[PDB]
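Chemist: part one of the complex, untouched from its place in the assembly:
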Amino acid sequence: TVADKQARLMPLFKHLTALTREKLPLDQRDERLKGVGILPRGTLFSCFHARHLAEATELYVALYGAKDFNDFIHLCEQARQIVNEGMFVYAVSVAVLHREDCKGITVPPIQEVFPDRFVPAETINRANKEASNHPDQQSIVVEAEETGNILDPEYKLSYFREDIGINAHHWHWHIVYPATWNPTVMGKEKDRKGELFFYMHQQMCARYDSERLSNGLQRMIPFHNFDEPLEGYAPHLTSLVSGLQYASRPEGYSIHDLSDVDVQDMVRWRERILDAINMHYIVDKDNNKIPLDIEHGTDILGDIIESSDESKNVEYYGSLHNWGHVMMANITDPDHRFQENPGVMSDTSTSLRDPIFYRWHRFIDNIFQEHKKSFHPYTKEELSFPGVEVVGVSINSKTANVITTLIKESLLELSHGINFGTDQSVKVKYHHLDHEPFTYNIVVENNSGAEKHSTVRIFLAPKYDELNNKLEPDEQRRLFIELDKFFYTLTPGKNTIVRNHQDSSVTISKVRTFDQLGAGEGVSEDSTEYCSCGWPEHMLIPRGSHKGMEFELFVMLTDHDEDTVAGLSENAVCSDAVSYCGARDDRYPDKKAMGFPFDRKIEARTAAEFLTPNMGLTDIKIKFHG
């Protein structure tokens, strides 16, 4: 049964670190690999680096190739013995997500699988220590929160950057859309992966910026200049695999050439993207030019920038984004003479924690923005949905139009990830931001005679700037974060549409723990995205401040008939986030450009001026509770 299948998968995931000791007593046995097998076990796996990705792709293909599920388990079991463990988790998760046979199946928790990435070394040490200190079945609980002098104001952001859910999501997203993805081999293609790459990262930056403003900090600045020295960050993460840890970075470091590729190369590739934009056309390998067409243009750029296998030219264009992660990651030892491990930037699970991440991503986002700039703005025609008027919006909470945010304690179970020994469970306690539940009530007047179908789009943007209160829509575009997108039908006359925050399309409703999965539930059975992907729920709104920071609440209704050609496939099944995740093996359900109406330049000085009749702005307050 499916349940049995789930059980088999969980053990593929257990004791990965330990699973090593290849113990296939003749090297010749795998003639299948006679000139490959290159990255050893203990080594850190880089999600960004090309060579690592190539190996990973090779692994996935074998998994995809597996004739049946049983065969799948077998090769996996065997492969896991030899290959580097990180690569293995990566390859398997991709396989589980896509391979039909796996119509059954969650992947074990990333946080749970590698607890060391989620929690600090101190807590991990303590738990391990307590386990040894007194042998006893009794459970161990450790509170990760610590006590320290907080020198850097960046620390304030830690609730966002360090959040377990956020890191997990980032890991999962890359799994759903792998850079290595080869559509020919799989046969299936990932719709608009390049564009999604752009959108997801942009949102992370946008959301990040809202945190800084909530904090009273200015917006992050892009890492435009390669020459500038980076700010330092020390992760305090250990790798349980070994004694080694992610190397910390002090500040004052400009970016160094690596043996692999060099800063100059980064520049070239940047000059190179720009030409293609200016010339309205990119050079394929064939030396043909492809136009940066209206719908297409973001997607093509996304593939080139990341870059994915899909890039029209890898050799002229390179892989700017990925190399950025690699270069930043080994700033400490570009030479690798030190034989030190890379920083957090190397891994999709960890990278969000470093503040540098935002600087780089804003830089890349800028590239996309220049492209967007080339496009013409939106006419009333494009925006408006005639006959429909938005009367008002209200948010209901304990206090209307105010959302309250607080910190909540939570526990993570280490036992699946690290050797438990005698103890039944070792849990680490951490705290994260959370908010009260709320609902939206939108009153819409349907002037038309017949029932209409509308897509409701809701975004949140900060009211205040760093100078004073200024709702300049051009700037707002960067800041706006997507709360929700959903379909509703309106009858003629007045209508009130109520939606609850819980329903939000952006967030993952729930991630099942390896324990829940040990039994067998019925969200349904799809895969790596299942409970994993989606933005985390606690994260839905920015922290705000004790004072109650003012944010613009924007609701827009668009013609659904227009919006969805097709693409209302799987219902509330395993995964549940379309806004950032897309839909399983079906289209991202919306014709509009991701981020619409915000994606193109706004002529108006004030946001209010921008509004059409089917748009509305309600100012609400977010107040944090200490």
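Modeler: Perfect, thanks for sending it. Residues are numbered from 1 along each chain as shown, chains lettered A, B, ... in the order given.

Chemist: At the geometric centre of chain A, which residue do we find?
Modeler: Residue closest to the mean C-alpha point of chain A, counted by Cα atoms, centre = their mean, is residue A:170 at 3.2 Å.

Chemist: tell me what the host helix or strand of it is packed against?
Modeler: Residue A:170 belongs to helix A:164-176 when assigned by DSSP states H and E. Contacts defined by 3 or more Cβ pairs under 8 Å, 6 or more residues apart in numbering; DSSP states H and E place helix A:164-176 against helix A:85-98, helix A:110-113, helix A:115-118, strand A:426-435, strand A:535-536, helix A:578-581. Where C-beta positions appear, they are placed from N, C-alpha and C, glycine not excepted.

Chemist: do you know which of those lies nearest residue A:283?
Modeler: helix A:85-98 (30.5 Å; Cβ to Cβ).

Chemist: who touches that closest one?
Modeler: For helix A:85-98, contacts defined as Cβ atoms under 8 Å, 6 or more residues apart in numbering pick out A:9, A:12-13, A:16-17, A:19-20, A:39, A:41, A:44-45, A:47, A:52, A:55-56, A:59-60, A:63-64, A:66, A:72, A:76, A:79-80, A:83, A:102, A:105, A:107, A:113, A:172, A:175-176, A:178, A:186, A:188, A:241, A:347, A:527-529.

Chemist: do stretch A:297-304 as well
Modeler: Residues outside stretch A:297-304 that contact it (Cβ under 8 Å, 6+ apart) are A:192-198, A:273, A:282, A:290-292, A:308, A:310-313, A:317, A:367-368, A:371-372, A:375, A:593.

Chemist: try 6 Å this time
Modeler: Applying Cβ atoms under 6 Å, 6 or more residues apart in numbering, the contact partners of stretch A:297-304 are A:192, A:194, A:195, A:197, A:198, A:310, A:311, A:317, A:371.

Chemist: List every C-alpha atom in it, with coordinates, as CSV.
Modeler: Extracted in CSV, the C-alpha atoms of stretch A:297-304 (Å, rounded to 0.1, in the frame of the first residue of the first chain):
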residue,chain,number,x,y,z
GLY,A,297,11.0,37.3,-21.8
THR,A,298,11.2,36.8,-18.1
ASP,A,299,11.4,33.0,-18.5
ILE,A,300,14.3,33.1,-20.9
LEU,A,301,16.1,35.5,-18.7
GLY,A,302,15.5,33.4,-15.7
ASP,A,303,17.1,30.4,-17.2
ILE,A,304,20.2,32.3,-18.4
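
Chemist: Here is chain B, add it in:
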Amino acid sequence: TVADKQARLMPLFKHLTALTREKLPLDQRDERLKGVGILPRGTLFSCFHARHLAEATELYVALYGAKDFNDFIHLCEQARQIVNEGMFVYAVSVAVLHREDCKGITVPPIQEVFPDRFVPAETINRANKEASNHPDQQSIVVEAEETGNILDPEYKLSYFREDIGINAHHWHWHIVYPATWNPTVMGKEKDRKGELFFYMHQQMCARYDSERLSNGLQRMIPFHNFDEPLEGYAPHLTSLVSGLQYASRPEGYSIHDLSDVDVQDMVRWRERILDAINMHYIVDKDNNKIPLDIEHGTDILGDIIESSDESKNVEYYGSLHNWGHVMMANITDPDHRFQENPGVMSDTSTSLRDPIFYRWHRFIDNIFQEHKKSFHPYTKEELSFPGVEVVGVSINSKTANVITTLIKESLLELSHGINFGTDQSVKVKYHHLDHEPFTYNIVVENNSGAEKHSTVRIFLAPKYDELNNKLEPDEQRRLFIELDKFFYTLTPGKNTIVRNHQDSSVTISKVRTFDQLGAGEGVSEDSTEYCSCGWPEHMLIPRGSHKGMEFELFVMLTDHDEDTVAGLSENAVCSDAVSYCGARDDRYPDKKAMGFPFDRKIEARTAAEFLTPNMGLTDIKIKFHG
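Modeler: That brings us to chain B, laid onto the chains above:
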């Protein structure tokens, strides 16, 4: 497989009539149909009448609603027993075309399903007679051509009007774009259906006019005045399903009110429409005004005129086109006291045969024309594609620049449609117009440095008028028929583009027979046009005359980058026939107004004066072979 699915659907439709006998003892049993259960089995189904359309729509929805294909077959199986058969074929065909379970399921050929509509009564009852006369497995062949005194010159046109392919196409087209189509229910919308409605019918008229001229007859005149008496036409079609036949109409009696509608109302609807066109806006139900925009205007008008469900106002504007068919159809018994069946005008399969069809359609076309008139003409800017020059065009055939047309015999197999009994097959032999294959060679000079992409548009228009030789482009607009539209890439320097007639975008390459289908065919797993629509191939060019009538051959090249739309749709699907049919589940592939450059008024006295550098006219001859 999908082909096994074929083999079941075809015997579902095979012999419709005898699958009636509802045979469900309690009427209440099918609560599923408690809303309908109004039009009995034997009665003729009207494609035009509103009430009939409503029932049909209700049926389709159930079919669309069907959860899965198996469920689809079940409801269909049982529904067919109770509903009128004509309605049933209509509803099912629509379902097959749209519903995703059905790709690669062609329908049973209409001609084959209802042979009686395609062939004359004499060859229906002769064939039936032969079957009874001598029982024997042996095949029966009957030649439909007959022998008779040919009093009316209209008879000459019969090759065009009576053509099997033409009638079939008309049936199919209405299926792809149903008047009843409700986008909300389906969720998907038919792009530019109103405009397509206009374009397709206009082409039929235009093509018809070319036949008359080839014949030496004057162009058809519109049925502007409701008062005028109609010319008579006797179809000689029987409906085997019953004894009944389509009632013939003699000439010479003015128009009669039906219980359903009065002629005065028809006149009203016209003055209503004309006014709107005039003041440049139409009134919605909401009593808001929508402008007749250049982009939108034809589409909005098409919906109102037909009228479709899409019409912005049904209760003010009415349904002029459809009522026209109904009124003409029951001219013989407006009262229906006679209880006589309607004429050919009632059915999409038959309507083209009656000469009245053209008179009415020209009338409606006129309505569209007035709208077109309001639009400004095309500047050199719009027409020209700079840097591209058309040097010359040549048509290659047995004799260059001459196309030969002849009559070819063909056979139609009755057996699927009517009860065969003992005989293996009963075929009726008919003759149709056909032409020799030919190719076009266009020499184009690409002045630009880079490769360009062009859409080649080819049209044919008669050189001679009724008076004498006069290439007055204004008049030509009505006459021009579309030969082909395709994309080609031009390198710098001289280029020669060759295209074969077979490739023509206007025509259907092949219609598979029941026999072909039982054998089976295969495509991707989605839902599409059921190997259907597209103009018949033999029909591609007008008959011409033995003398070799002169026609202007017009070729124009336009910038493809401008012409195409960007978006993400399917694999190679039913796109052969894009010019008249559109593309399956796709937006119309050409930005230009349908019929461009011909749609707007032409200032010049002569066509030659109109030409820009990217246009060319070659005079060719069409000669018929007796």
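
Chemist: now that chain B has been added, could you go back to what packs on helix A:164-176?
Modeler: On a contact count with 3 or more Cβ pairs under 6 Å, 6 or more residues apart in numbering or on different chains; DSSP states H and E, helix A:164-176 meets helix A:110-113.

Chemist: Report the buried residues of the following helix or strand past the helix holding residue A:170.
Modeler: With elements assigned by DSSP H and E, the helix or strand that comes after helix A:164-176 is helix A:183-186. Across helix A:183-186, burial judged by 16 or more other Cβ atoms under 10 Å in any protein chain shown covers no residue at all.

Chemist: After helix A:183-186, which helix or strand is next?
Modeler: On the C-terminal side of helix A:183-186, the closest following helix or strand by DSSP H and E is helix A:193-215.

Chemist: For the stretch 501-626 of chain A, what lies in contact range of chain B?
Modeler: Counting by Cβ under 6 Å from any Cβ of the partner chain, the residues of the stretch 501-626 of chain A lying close to chain B are residue A:561.

Chemist: Using CSV, write down the CA coordinates of the helix or strand containing residue A:444.
Modeler: For residue A:444, the host element (DSSP H and E) is strand A:439-446. Provided in CSV are the C-alpha atoms of strand A:439-446 (Å, rounded to 0.1, in the frame of the first residue of the first chain):
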residue,chain,number,x,y,z
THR,A,439,-10.1,37.3,7.8
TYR,A,440,-10.8,39.7,5.0
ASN,A,441,-14.2,41.0,4.0
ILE,A,442,-14.4,42.6,0.6
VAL,A,443,-17.5,44.3,-0.6
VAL,A,444,-17.8,44.3,-4.3
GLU,A,445,-20.6,45.7,-6.5
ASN,A,446,-21.3,43.7,-9.6
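
Chemist: which other helices and strands contact it?
Modeler: strand A:388-396, strand A:493-500.

Chemist: Swap in 8 Å and give it another go.
Modeler: strand A:388-396, strand A:452-462, strand A:493-500, strand A:549-559 (3 or more Cβ pairs under 8 Å, 6 or more residues apart in numbering or on different chains; DSSP states H and E).

Chemist: Report the separation between the closest residue to residue A:146 other than its chain neighbours and residue A:150.
Modeler: Ranked by Cβ to Cβ, 6 or more residues apart in numbering or on different chains and with sequence neighbours excluded, the top spatial neighbour of residue A:146 is residue A:122, at 6.6 Å. Residue A:122 sits 16 Å away from residue A:150, going by Cβ to Cβ, to the nearest Å.

Chemist: Comparing the two, which residue is more hemmed in?
Modeler: Each of residue A:122 and residue A:150 has its neighbours counted (other Cβ atoms under 10 Å in any protein chain shown); residue A:122 has more, 13 against 9.

Chemist: Chain C should go on the structure too:
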Amino acid sequence: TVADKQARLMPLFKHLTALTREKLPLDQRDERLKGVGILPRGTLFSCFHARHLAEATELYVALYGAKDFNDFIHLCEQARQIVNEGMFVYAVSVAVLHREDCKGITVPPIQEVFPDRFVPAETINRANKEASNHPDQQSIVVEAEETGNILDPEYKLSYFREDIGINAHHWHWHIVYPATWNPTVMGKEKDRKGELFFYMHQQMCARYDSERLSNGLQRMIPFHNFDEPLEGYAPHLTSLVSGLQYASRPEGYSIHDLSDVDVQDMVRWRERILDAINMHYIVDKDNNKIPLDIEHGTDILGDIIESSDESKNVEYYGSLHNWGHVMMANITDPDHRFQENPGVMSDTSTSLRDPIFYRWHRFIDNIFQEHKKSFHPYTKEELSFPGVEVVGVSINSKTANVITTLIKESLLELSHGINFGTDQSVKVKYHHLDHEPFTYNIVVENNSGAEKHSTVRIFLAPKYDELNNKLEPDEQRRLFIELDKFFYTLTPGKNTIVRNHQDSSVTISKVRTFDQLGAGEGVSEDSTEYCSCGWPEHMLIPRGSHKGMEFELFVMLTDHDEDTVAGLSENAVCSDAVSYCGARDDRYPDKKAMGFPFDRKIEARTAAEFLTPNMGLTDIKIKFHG
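Modeler: Let me add chain C to what's already shown:
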């Protein structure tokens, strides 16, 4: 899904009577049947008659042949239109039971499908009348119990004979083991069907006899002599299909020749079976002799006697059992000049109600008994399980060692079976025998060192004869009824095994109503046997008397290792009765002859003398509550 599949099946079953009106307007259409199609719709279908069975078999094969489930539904839907309805239900049920595709699926209730067979004409008339009398949504309830003078003491037995559950079971059993069953065609074979045929019928007789004794009536006598006149029985059943009903029989009728086969033929076949027994060997068609081997011998006899398709010789041996039903059924009109319907004997659903059934079945049982007689008795060796001793047995109820039996009212919903019209539901109230729940506690001493596995067999036999109290084991063999058979493991030392009556292997735990089935439960999804087959639970013990009739309670433990070679396949899934039903697509799980230890002759004068150490008898009382 399975649920959807269930839904499709239920409608195959609805309005069967009505489903007629073939309405396939040309007879030639089904060339597949061009020389068959012989029994009209309205006619009564005989489960026994050979010609009817042949048609039924032909139908099933088509259903089995169906490529997929969807195809299955289609042919079924179409076939049901033409074929006689009774045959149809029979063929479909068989298909549902065996055909894998139907890994989904209960069959709609027999009682519910044909309520008229279960309830008396009066009640059915009343319900129908009430429906018409006052139209109203309101529910109708009718109490079937009636009021009448009860002339015949046979009436007392009516609770047993008339029981709804019993009749339903009999219907289902024949479906699981069809006489027509051809193993070559299906490919699969029904293990020991001939023997099971013998065992099931024998049990019905045995159980019947216990009722008579409980009643104070003597045991039924076999219908040995063909000459003797039969006792009359009037069923009072109507067939809703038509106005006709099962013809009643008065007494005083000796059995008449029918056109089909004659009494003399019955005798021949009887003389013929006997020879084969005496000669130790039966004549196959090949004229080879097959020995009436130890294990095999009952099975071979069963096939010949019934007779099934499996019979080694149909033409020498005939089909005695089946013809008996036919002959008795049309005693009233052997000639069929009267054109009267057959009696209850014709149908598996109805036959148990007639008292004649027992007389005939005892006669046939006698045939089997003679065969059993030829076998040698059981030695201590065969019976005993050494090292195991049964200390005692106790039955726990309200009062220990006493079981209480009462009458319970129940309602049956007619609506699925007969045209409901306006009413939501029409229920008929009936009463049936029922008993208090009880448990058994068996103390067993396991002398051996190791754990043993035992099969516990429990039987019940009447203590009293018609003369006075005499536990003569030879006679008891006929009377003993099987309460339960189950596997238990015994450790060394004393053990107490407790089993509840509810668990009984003989009975069906629950039959799901068409209403329950309208939703979707998880007993699992197997088929006609699902809730249907198994003996009914209320029926588990005989009525007993108010005085508290004494019955011997016999418990025996046997070596399980010995007992099951293989055959512990499907668990508590859809069907749940192994003792009488066998297991789905797996062996009847017991090596021992069915009815062991009772099947062979017992030398001893008293039952007690028979007991070995692993056997025990506890006398309990059954007392009925008025």
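
Chemist: Chain C added, so what about the contacts of stretch A:297-304 now?
Modeler: A:192-198, A:273, A:282, A:290-292, A:308, A:310-313, A:317, A:367-368, A:371-372, A:375, A:593 (Cβ atoms under 8 Å, 6 or more residues apart in numbering or on different chains).

Chemist: could you redo the last one with a cut-off of 7 Å?
Modeler: A:192, A:194-195, A:197-198, A:273, A:282, A:290, A:292, A:310-312, A:317, A:368, A:371 (Cβ atoms under 7 Å, 6 or more residues apart in numbering or on different chains).

Chemist: who's in contact with the nearest residue to residue A:117 once chain neighbours are set aside?
Modeler: Closest residue to residue A:117 apart from its sequence neighbours, by Cβ to Cβ, 6+ apart: residue A:349 at 5.0 Å. Residues near residue A:349 by Cβ under 7 Å, 6+ apart: A:110, A:117, A:167, A:170, A:171.

Chemist: helix, strand or coil for the one residue in the stretch 451-600 of chain A that gets nearest to chain B?
Modeler: In the stretch 451-600 of chain A, the residue that lies nearest chain B is residue A:561 (5.2 Å; Cβ to the nearest Cβ). Using DSSP: H, G, I helix; E, B strand; the rest coil, the structure places residue A:561 in helix.

Chemist: ok, back up a step: and the two most separated of the contacts of residue A:349?
Modeler: The widest separation within the contacts of residue A:349 (Cβ to Cβ) is 11.4 Å, between A:117 and A:170.

Chemist: Around chain B, pick out the residues from chain A.
Modeler: A:191, A:291, A:293-296, A:387, A:447-449, A:451, A:453, A:561, A:564-566 (Cβ under 7 Å from any Cβ of the partner chain).

Chemist: let's see 10 Å
Modeler: A:191-192, A:280-281, A:288-289, A:291, A:293-297, A:299, A:381, A:386-387, A:446-453, A:487, A:489, A:492, A:559-562, A:564-568, A:587, A:591 (Cβ under 10 Å from any Cβ of the partner chain).

Chemist: I'd guessed residue A:621 sits against residue A:549; true?
Modeler: Yes. Taking contacts as Cβ atoms under 10 Å, residue A:621 lies within contact range of residue A:549: 6.6 Å.

Chemist: Those two: which is more packed in?
Modeler: residue A:549 (22 against 18).

Chemist: so which of the contacts of residue A:349 comes closest to residue C:2?
Modeler: residue A:110 (34.8 Å).

Chemist: Tally up the residues packed near the closest one, please.
Modeler: For residue A:110, using other Cβ under 10 Å, the count is 27.

Chemist: same thing with residue A:620?
Modeler: For residue A:620, the count of nearby residues is 24 (other Cβ under 10 Å).
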